[PDB]
$ cat entry.tsv   # TSV, N, CA and C atoms
chain	number	residue	atom	x	y	z
A	685	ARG	N	2.98	15.79	12.83
A	685	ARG	CA	2.99	16.05	11.40
A	685	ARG	C	3.66	14.94	10.58
A	686	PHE	N	3.06	14.50	9.47
A	686	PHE	CA	3.54	13.37	8.68
A	686	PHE	C	3.65	13.58	7.11
A	687	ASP	N	4.48	12.81	6.41
A	687	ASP	CA	4.48	12.64	4.94
A	687	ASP	C	3.41	11.56	4.52
A	688	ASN	N	3.00	11.55	3.26
A	688	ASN	CA	2.11	10.51	2.72
A	688	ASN	C	0.80	10.36	3.53
A	689	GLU	N	0.20	11.47	3.93
A	689	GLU	CA	-1.12	11.46	4.58
A	689	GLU	C	-2.12	11.74	3.50
A	690	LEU	N	-3.10	10.87	3.45
A	690	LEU	CA	-4.20	10.97	2.52
A	690	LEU	C	-5.46	11.36	3.28
A	691	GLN	N	-6.05	12.49	2.94
A	691	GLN	CA	-7.20	13.05	3.66
A	691	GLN	C	-8.49	12.65	2.99
A	692	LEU	N	-9.20	11.74	3.61
A	692	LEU	CA	-10.41	11.19	2.99
A	692	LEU	C	-11.68	11.60	3.88
A	693	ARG	N	-11.59	12.29	5.00
A	693	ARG	CA	-12.77	12.60	5.79
A	693	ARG	C	-13.75	13.42	4.98
A	694	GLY	N	-15.00	13.07	5.08
A	694	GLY	CA	-16.17	13.75	4.43
A	694	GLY	C	-16.47	13.24	3.06
A	695	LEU	N	-15.62	12.34	2.54
A	695	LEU	CA	-15.92	11.68	1.27
A	695	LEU	C	-16.95	10.55	1.40
A	696	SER	N	-17.64	10.29	0.29
A	696	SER	CA	-18.46	9.11	0.19
A	696	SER	C	-17.57	7.86	0.13
A	697	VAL	N	-18.18	6.71	0.37
A	697	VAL	CA	-17.45	5.46	0.36
A	697	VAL	C	-16.83	5.29	-1.01
A	698	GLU	N	-17.58	5.54	-2.07
A	698	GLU	CA	-17.06	5.34	-3.40
A	698	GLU	C	-15.92	6.29	-3.74
A	699	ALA	N	-16.09	7.54	-3.37
A	699	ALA	CA	-15.06	8.53	-3.59
A	699	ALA	C	-13.80	8.22	-2.78
A	700	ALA	N	-13.97	7.82	-1.55
A	700	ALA	CA	-12.84	7.50	-0.70
A	700	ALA	C	-12.06	6.29	-1.25
A	701	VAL	N	-12.77	5.26	-1.69
A	701	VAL	CA	-12.11	4.09	-2.27
A	701	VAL	C	-11.36	4.49	-3.52
A	702	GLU	N	-11.97	5.28	-4.38
A	702	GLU	CA	-11.29	5.69	-5.61
A	702	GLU	C	-9.97	6.44	-5.31
A	703	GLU	N	-10.02	7.35	-4.37
A	703	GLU	CA	-8.84	8.10	-3.97
A	703	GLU	C	-7.78	7.20	-3.35
A	704	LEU	N	-8.22	6.29	-2.50
A	704	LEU	CA	-7.29	5.38	-1.85
A	704	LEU	C	-6.59	4.49	-2.89
A	705	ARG	N	-7.36	3.97	-3.83
A	705	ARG	CA	-6.81	3.11	-4.87
A	705	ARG	C	-5.76	3.87	-5.70
A	706	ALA	N	-6.06	5.11	-6.08
A	706	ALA	CA	-5.11	5.96	-6.83
A	706	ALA	C	-3.86	6.26	-6.02
A	707	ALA	N	-4.04	6.55	-4.74
A	707	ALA	CA	-2.92	6.88	-3.87
A	707	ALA	C	-2.00	5.71	-3.71
A	708	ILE	N	-2.55	4.52	-3.55
A	708	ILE	CA	-1.76	3.32	-3.39
A	708	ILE	C	-1.00	3.01	-4.66
A	709	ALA	N	-1.64	3.16	-5.81
A	709	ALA	CA	-0.98	2.89	-7.10
A	709	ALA	C	0.19	3.86	-7.26
A	710	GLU	N	-0.02	5.10	-6.88
A	710	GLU	CA	1.02	6.10	-6.97
A	710	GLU	C	2.17	5.74	-6.06
A	711	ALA	N	1.87	5.35	-4.82
A	711	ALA	CA	2.89	4.98	-3.86
A	711	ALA	C	3.72	3.77	-4.34
A	712	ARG	N	3.06	2.79	-4.94
A	712	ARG	CA	3.74	1.62	-5.46
A	712	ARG	C	4.70	2.07	-6.56
A	713	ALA	N	4.26	2.91	-7.48
A	713	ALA	CA	5.11	3.37	-8.58
A	713	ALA	C	6.31	4.18	-8.11
A	714	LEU	N	6.12	5.01	-7.09
A	714	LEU	CA	7.19	5.84	-6.54
A	714	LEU	C	7.98	5.15	-5.43
A	715	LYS	N	7.68	3.87	-5.15
A	715	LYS	CA	8.39	3.08	-4.16
A	715	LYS	C	8.23	3.85	-2.75
A	716	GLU	N	7.03	4.34	-2.45
A	716	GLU	CA	6.80	5.06	-1.22
A	716	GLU	C	5.89	4.26	-0.31
A	717	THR	N	6.35	4.07	0.93
A	717	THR	CA	5.55	3.43	1.98
A	717	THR	C	6.08	3.85	3.34
A	718	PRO	N	5.28	3.80	4.41
A	718	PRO	CA	3.83	3.56	4.44
A	718	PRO	C	3.01	4.78	4.13
A	719	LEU	N	1.74	4.53	3.83
A	719	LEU	CA	0.73	5.59	3.71
A	719	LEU	C	-0.13	5.69	4.94
A	720	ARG	N	-0.46	6.91	5.33
A	720	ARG	CA	-1.39	7.18	6.41
A	720	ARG	C	-2.72	7.66	5.80
A	721	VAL	N	-3.74	6.85	5.98
A	721	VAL	CA	-5.06	7.12	5.44
A	721	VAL	C	-5.93	7.67	6.56
A	722	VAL	N	-6.16	8.97	6.47
A	722	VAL	CA	-6.93	9.73	7.45
A	722	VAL	C	-8.39	9.74	7.05
A	723	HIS	N	-9.15	8.77	7.59
A	723	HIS	CA	-10.57	8.65	7.28
A	723	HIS	C	-11.50	9.10	8.39
A	724	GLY	N	-10.99	9.25	9.60
A	724	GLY	CA	-11.81	9.65	10.73
A	724	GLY	C	-12.51	8.46	11.34
A	725	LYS	N	-13.11	8.67	12.51
A	725	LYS	CA	-13.83	7.60	13.20
A	725	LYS	C	-15.34	7.56	12.92
A	726	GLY	N	-16.05	8.67	13.13
A	726	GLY	CA	-17.45	8.73	12.74
A	726	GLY	C	-18.29	7.57	13.26
A	727	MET	N	-19.09	6.87	12.44
A	727	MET	CA	-19.75	5.65	12.85
A	727	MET	C	-18.99	4.46	12.35
A	728	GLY	N	-17.78	4.73	11.87
A	728	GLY	CA	-16.85	3.76	11.31
A	728	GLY	C	-17.14	3.27	9.90
A	729	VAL	N	-17.95	4.01	9.15
A	729	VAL	CA	-18.30	3.62	7.80
A	729	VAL	C	-17.09	3.65	6.84
A	730	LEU	N	-16.35	4.75	6.83
A	730	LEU	CA	-15.16	4.82	5.97
A	730	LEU	C	-14.12	3.79	6.39
A	731	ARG	N	-13.88	3.66	7.68
A	731	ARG	CA	-12.83	2.74	8.10
A	731	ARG	C	-13.16	1.32	7.62
A	732	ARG	N	-14.38	0.87	7.86
A	732	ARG	CA	-14.76	-0.51	7.53
A	732	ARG	C	-14.73	-0.73	6.04
A	733	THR	N	-15.27	0.18	5.28
A	733	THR	CA	-15.29	0.01	3.83
A	733	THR	C	-13.88	0.08	3.18
A	734	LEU	N	-13.08	1.03	3.63
A	734	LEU	CA	-11.70	1.17	3.13
A	734	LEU	C	-10.95	-0.15	3.64
A	735	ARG	N	-11.06	-0.73	4.86
A	735	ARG	CA	-10.36	-1.94	5.24
A	735	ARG	C	-10.80	-3.07	4.37
A	736	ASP	N	-12.10	-3.06	4.07
A	736	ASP	CA	-12.65	-4.12	3.22
A	736	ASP	C	-12.04	-4.09	1.82
A	737	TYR	N	-11.88	-2.89	1.28
A	737	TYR	CA	-11.23	-2.72	-0.02
A	737	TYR	C	-9.76	-3.13	0.04
A	738	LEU	N	-9.08	-2.73	1.12
A	738	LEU	CA	-7.63	-2.88	1.21
A	738	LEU	C	-7.31	-4.45	1.17
A	739	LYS	N	-8.17	-5.41	1.67
A	739	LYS	CA	-7.87	-6.81	1.83
A	739	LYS	C	-7.55	-7.37	0.48
A	740	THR	N	-8.05	-6.72	-0.58
A	740	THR	CA	-7.78	-7.25	-1.96
A	740	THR	C	-7.03	-6.34	-2.97
A	741	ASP	N	-6.59	-5.18	-2.53
A	741	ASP	CA	-5.89	-4.26	-3.39
A	741	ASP	C	-4.52	-5.00	-3.80
A	742	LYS	N	-4.16	-5.10	-5.08
A	742	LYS	CA	-2.99	-5.89	-5.51
A	742	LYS	C	-1.63	-5.37	-5.01
A	743	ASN	N	-1.65	-4.12	-4.59
A	743	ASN	CA	-0.45	-3.32	-4.28
A	743	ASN	C	-0.12	-3.27	-2.79
A	744	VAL	N	-1.01	-3.83	-1.97
A	744	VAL	CA	-0.91	-3.72	-0.53
A	744	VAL	C	-0.25	-4.94	0.10
A	745	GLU	N	0.75	-4.68	0.92
A	745	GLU	CA	1.39	-5.73	1.69
A	745	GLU	C	0.62	-6.02	2.95
A	746	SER	N	0.27	-4.99	3.69
A	746	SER	CA	-0.51	-5.13	4.91
A	746	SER	C	-1.10	-3.79	5.30
A	747	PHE	N	-2.03	-3.79	6.22
A	747	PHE	CA	-2.63	-2.58	6.78
A	747	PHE	C	-3.09	-2.82	8.21
A	748	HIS	N	-3.16	-1.75	8.99
A	748	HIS	CA	-3.57	-1.80	10.38
A	748	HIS	C	-3.89	-0.41	10.89
A	749	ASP	N	-4.51	-0.37	12.06
A	749	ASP	CA	-4.81	0.88	12.75
A	749	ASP	C	-3.53	1.58	13.09
A	750	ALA	N	-3.59	2.89	13.11
A	750	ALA	CA	-2.52	3.66	13.67
A	750	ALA	C	-2.45	3.44	15.17
A	751	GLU	N	-1.30	3.80	15.70
A	751	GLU	CA	-1.03	3.80	17.14
A	751	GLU	C	-1.92	4.83	17.76
A	752	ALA	N	-2.12	4.69	19.05
A	752	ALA	CA	-3.06	5.50	19.78
A	752	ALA	C	-2.70	6.93	19.72
A	753	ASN	N	-1.41	7.21	19.77
A	753	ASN	CA	-0.87	8.57	19.77
A	753	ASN	C	-0.91	9.22	18.40
A	754	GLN	N	-1.25	8.45	17.38
A	754	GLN	CA	-1.18	8.92	16.02
A	754	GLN	C	-2.43	8.69	15.21
A	755	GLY	N	-3.56	8.84	15.85
A	755	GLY	CA	-4.87	8.83	15.23
A	755	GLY	C	-5.72	7.62	15.49
A	756	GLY	N	-5.11	6.58	15.99
A	756	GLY	CA	-5.85	5.40	16.34
A	756	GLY	C	-6.68	4.86	15.20
A	757	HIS	N	-7.92	4.55	15.53
A	757	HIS	CA	-8.89	3.94	14.64
A	757	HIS	C	-9.32	4.90	13.55
A	758	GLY	N	-9.02	6.17	13.66
A	758	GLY	CA	-9.38	7.13	12.64
A	758	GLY	C	-8.36	7.22	11.50
A	759	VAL	N	-7.28	6.49	11.65
A	759	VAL	CA	-6.24	6.43	10.64
A	759	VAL	C	-5.87	4.98	10.38
A	760	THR	N	-5.79	4.64	9.11
A	760	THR	CA	-5.33	3.31	8.70
A	760	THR	C	-3.94	3.45	8.05
A	761	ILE	N	-3.00	2.66	8.53
A	761	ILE	CA	-1.66	2.60	7.97
A	761	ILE	C	-1.64	1.55	6.89
A	762	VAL	N	-1.16	1.92	5.73
A	762	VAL	CA	-1.07	1.00	4.61
A	762	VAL	C	0.41	0.81	4.27
A	763	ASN	N	0.86	-0.44	4.39
A	763	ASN	CA	2.19	-0.87	3.94
A	763	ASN	C	2.07	-1.36	2.52
A	764	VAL	N	2.73	-0.64	1.63
A	764	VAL	CA	2.66	-0.83	0.20
A	764	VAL	C	3.80	-1.73	-0.27
A	765	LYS	N	3.50	-2.61	-1.19
A	765	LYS	CA	4.49	-3.57	-1.66
A	765	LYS	C	5.68	-2.85	-2.26
A	766	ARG	N	6.86	-3.37	-1.94
A	766	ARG	CA	8.12	-2.84	-2.43
A	766	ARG	C	8.58	-3.72	-3.59

$ encode --input "entry.tsv" --output "structure tokens"
Amino acid sequence: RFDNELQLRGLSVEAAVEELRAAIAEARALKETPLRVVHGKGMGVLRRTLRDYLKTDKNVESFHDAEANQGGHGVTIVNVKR
């Protein structure tokens, strides 16, 4: 069980990006990091599109897959700028 988990499974790419962008902006304002982005594995459509978005989000310090024990490739960890 975790804090700052964002549930994006079953969303469209556009909807998921919009939610992720809002969540990150919120986290930056509240000085909260890291975020756990729960997108699921599927055919990897959400993961790839959300990683693609994250490479240029102004608020992001870094991002990577979760550890194997904590969702792996179905979760992206976002380190938000402090």

$ residues_near_point --input "entry.tsv" --point "(1.4, -0.5, -7.2)" --cutoff "12 Å" --atoms "only C-alpha atoms" --output "JSON list (two decimals) with N, CA and C atoms, in the coordinates of the input"
[["chain", "number", "residue", "atom", "x", "y", "z"],
["A", 704, "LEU", "N", -8.22, 6.29, -2.50],
["A", 704, "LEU", "CA", -7.29, 5.38, -1.85],
["A", 704, "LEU", "C", -6.59, 4.49, -2.89],
["A", 705, "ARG", "N", -7.36, 3.97, -3.83],
["A", 705, "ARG", "CA", -6.81, 3.11, -4.87],
["A", 705, "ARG", "C", -5.76, 3.87, -5.70],
["A", 706, "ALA", "N", -6.06, 5.11, -6.08],
["A", 706, "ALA", "CA", -5.11, 5.96, -6.83],
["A", 706, "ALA", "C", -3.86, 6.26, -6.02],
["A", 707, "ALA", "N", -4.04, 6.55, -4.74],
["A", 707, "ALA", "CA", -2.92, 6.88, -3.87],
["A", 707, "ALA", "C", -2.00, 5.71, -3.71],
["A", 708, "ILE", "N", -2.55, 4.52, -3.55],
["A", 708, "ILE", "CA", -1.76, 3.32, -3.39],
["A", 708, "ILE", "C", -1.00, 3.01, -4.66],
["A", 709, "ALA", "N", -1.64, 3.16, -5.81],
["A", 709, "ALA", "CA", -0.98, 2.89, -7.10],
["A", 709, "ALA", "C", 0.19, 3.86, -7.26],
["A", 710, "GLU", "N", -0.02, 5.10, -6.88],
["A", 710, "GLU", "CA", 1.02, 6.10, -6.97],
["A", 710, "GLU", "C", 2.17, 5.74, -6.06],
["A", 711, "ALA", "N", 1.87, 5.35, -4.82],
["A", 711, "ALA", "CA", 2.89, 4.98, -3.86],
["A", 711, "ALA", "C", 3.72, 3.77, -4.34],
["A", 712, "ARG", "N", 3.06, 2.79, -4.94],
["A", 712, "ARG", "CA", 3.74, 1.62, -5.46],
["A", 712, "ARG", "C", 4.70, 2.07, -6.56],
["A", 713, "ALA", "N", 4.26, 2.91, -7.48],
["A", 713, "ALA", "CA", 5.11, 3.37, -8.58],
["A", 713, "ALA", "C", 6.31, 4.18, -8.11],
["A", 714, "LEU", "N", 6.12, 5.01, -7.09],
["A", 714, "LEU", "CA", 7.19, 5.84, -6.54],
["A", 714, "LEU", "C", 7.98, 5.15, -5.43],
["A", 715, "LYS", "N", 7.68, 3.87, -5.15],
["A", 715, "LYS", "CA", 8.39, 3.08, -4.16],
["A", 715, "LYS", "C", 8.23, 3.85, -2.75],
["A", 716, "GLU", "N", 7.03, 4.34, -2.45],
["A", 716, "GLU", "CA", 6.80, 5.06, -1.22],
["A", 716, "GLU", "C", 5.89, 4.26, -0.31],
["A", 717, "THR", "N", 6.35, 4.07, 0.93],
["A", 717, "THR", "CA", 5.55, 3.43, 1.98],
["A", 717, "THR", "C", 6.08, 3.85, 3.34],
["A", 741, "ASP", "N", -6.59, -5.18, -2.53],
["A", 741, "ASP", "CA", -5.89, -4.26, -3.39],
["A", 741, "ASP", "C", -4.52, -5.00, -3.80],
["A", 742, "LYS", "N", -4.16, -5.10, -5.08],
["A", 742, "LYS", "CA", -2.99, -5.89, -5.51],
["A", 742, "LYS", "C", -1.63, -5.37, -5.01],
["A", 743, "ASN", "N", -1.65, -4.12, -4.59],
["A", 743, "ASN", "CA", -0.45, -3.32, -4.28],
["A", 743, "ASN", "C", -0.12, -3.27, -2.79],
["A", 744, "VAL", "N", -1.01, -3.83, -1.97],
["A", 744, "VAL", "CA", -0.91, -3.72, -0.53],
["A", 744, "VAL", "C", -0.25, -4.94, 0.10],
["A", 745, "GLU", "N", 0.75, -4.68, 0.92],
["A", 745, "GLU", "CA", 1.39, -5.73, 1.69],
["A", 745, "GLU", "C", 0.62, -6.02, 2.95],
["A", 763, "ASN", "N", 0.86, -0.44, 4.39],
["A", 763, "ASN", "CA", 2.19, -0.87, 3.94],
["A", 763, "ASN", "C", 2.07, -1.36, 2.52],
["A", 764, "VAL", "N", 2.73, -0.64, 1.63],
["A", 764, "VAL", "CA", 2.66, -0.83, 0.20],
["A", 764, "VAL", "C", 3.80, -1.73, -0.27],
["A", 765, "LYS", "N", 3.50, -2.61, -1.19],
["A", 765, "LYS", "CA", 4.49, -3.57, -1.66],
["A", 765, "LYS", "C", 5.68, -2.85, -2.26],
["A", 766, "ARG", "N", 6.86, -3.37, -1.94],
["A", 766, "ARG", "CA", 8.12, -2.84, -2.43],
["A", 766, "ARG", "C", 8.58, -3.72, -3.59]]

$ atom_distance --input "entry.tsv" --atom1 "atom CA of residue A:748" --atom2 "atom N of residue A:689"
15.2 Å

$ residues_around --input "entry.tsv" --residues "stretch 732-739 of chain A" --least-positions-apart "3" --cutoff "6.5 Å" --atoms "all atoms listed in the file" --output "PyMOL selection string"
chain A and resi 701+728-729

$ atom_distance --input "entry.tsv" --atom1 "atom CA of residue A:747" --atom2 "atom C of residue A:700"
15.2 Å

$ atom_distance --input "entry.tsv" --atom1 "atom CA of residue A:756" --atom2 "atom CA of residue A:740"
22.3 Å

$ residues_around --input "entry.tsv" --residues "residue A:723" --least-positions-apart "3" --cutoff "5 Å" --atoms "all atoms listed in the file" --output "list in words"
residues 692, 693, 758 and 759 of chain A

$ write_last_selection --input "entry.tsv" --atoms "N, CA and C atoms" --output "PDB file, in the frame of the given file"
ATOM      1  N   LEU A 692      -9.200  11.740   3.610  1.00  0.00           N
ATOM      2  CA  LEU A 692     -10.410  11.190   2.990  1.00  0.00           C
ATOM      3  C   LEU A 692     -11.680  11.600   3.880  1.00  0.00           C
ATOM      4  N   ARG A 693     -11.590  12.290   5.000  1.00  0.00           N
ATOM      5  CA  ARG A 693     -12.770  12.600   5.790  1.00  0.00           C
ATOM      6  C   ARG A 693     -13.750  13.420   4.980  1.00  0.00           C
ATOM      7  N   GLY A 758      -9.020   6.170  13.660  1.00  0.00           N
ATOM      8  CA  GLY A 758      -9.380   7.130  12.640  1.00  0.00           C
ATOM      9  C   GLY A 758      -8.360   7.220  11.500  1.00  0.00           C
ATOM     10  N   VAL A 759      -7.280   6.490  11.650  1.00  0.00           N
ATOM     11  CA  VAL A 759      -6.240   6.430  10.640  1.00  0.00           C
ATOM     12  C   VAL A 759      -5.870   4.980  10.380  1.00  0.00           C
TER      13      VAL A 759
END

$ select_by_dssp --input "entry.tsv" --residues "stretch 685-757 of chain A" --states "alpha helix (DSSP H)" --output "PyMOL selection string"
chain A and resi 697-713+729-738

$ decode --input "entry.tsv" --residues "stretch 743-754 of chain A" --atoms "N, CA and C atoms" --output "PDB file, in the first residue's frame"
ATOM      1  N   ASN A 743       8.310  19.817 -14.902  1.00  0.00           N
ATOM      2  CA  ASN A 743       8.246  19.597 -13.452  1.00  0.00           C
ATOM      3  C   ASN A 743       8.941  18.314 -12.999  1.00  0.00           C
ATOM      4  N   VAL A 744       9.386  17.519 -13.963  1.00  0.00           N
ATOM      5  CA  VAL A 744       9.920  16.196 -13.691  1.00  0.00           C
ATOM      6  C   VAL A 744      11.439  16.194 -13.622  1.00  0.00           C
ATOM      7  N   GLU A 745      11.953  15.631 -12.542  1.00  0.00           N
ATOM      8  CA  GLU A 745      13.384  15.442 -12.402  1.00  0.00           C
ATOM      9  C   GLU A 745      13.842  14.183 -13.094  1.00  0.00           C
ATOM     10  N   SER A 746      13.149  13.091 -12.852  1.00  0.00           N
ATOM     11  CA  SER A 746      13.461  11.816 -13.499  1.00  0.00           C
ATOM     12  C   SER A 746      12.278  10.873 -13.362  1.00  0.00           C
ATOM     13  N   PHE A 747      12.297   9.789 -14.099  1.00  0.00           N
ATOM     14  CA  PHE A 747      11.284   8.737 -14.017  1.00  0.00           C
ATOM     15  C   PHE A 747      11.888   7.391 -14.395  1.00  0.00           C
ATOM     16  N   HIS A 748      11.293   6.317 -13.893  1.00  0.00           N
ATOM     17  CA  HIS A 748      11.742   4.964 -14.152  1.00  0.00           C
ATOM     18  C   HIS A 748      10.678   3.961 -13.743  1.00  0.00           C
ATOM     19  N   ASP A 749      10.876   2.725 -14.158  1.00  0.00           N
ATOM     20  CA  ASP A 749      10.010   1.617 -13.782  1.00  0.00           C
ATOM     21  C   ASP A 749      10.076   1.422 -12.299  1.00  0.00           C
ATOM     22  N   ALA A 750       8.981   0.958 -11.741  1.00  0.00           N
ATOM     23  CA  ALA A 750       8.989   0.490 -10.391  1.00  0.00           C
ATOM     24  C   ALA A 750       9.813  -0.787 -10.294  1.00  0.00           C
ATOM     25  N   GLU A 751      10.175  -1.087  -9.064  1.00  0.00           N
ATOM     26  CA  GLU A 751      10.871  -2.314  -8.692  1.00  0.00           C
ATOM     27  C   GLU A 751       9.922  -3.452  -8.941  1.00  0.00           C
ATOM     28  N   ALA A 752      10.492  -4.630  -9.062  1.00  0.00           N
ATOM     29  CA  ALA A 752       9.746  -5.801  -9.448  1.00  0.00           C
ATOM     30  C   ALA A 752       8.683  -6.115  -8.473  1.00  0.00           C
ATOM     31  N   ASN A 753       8.976  -5.908  -7.201  1.00  0.00           N
ATOM     32  CA  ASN A 753       8.069  -6.203  -6.104  1.00  0.00           C
ATOM     33  C   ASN A 753       6.958  -5.178  -5.962  1.00  0.00           C
ATOM     34  N   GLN A 754       7.048  -4.096  -6.710  1.00  0.00           N
ATOM     35  CA  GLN A 754       6.129  -2.990  -6.555  1.00  0.00           C
ATOM     36  C   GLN A 754       5.504  -2.509  -7.837  1.00  0.00           C
TER      37      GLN A 754
END
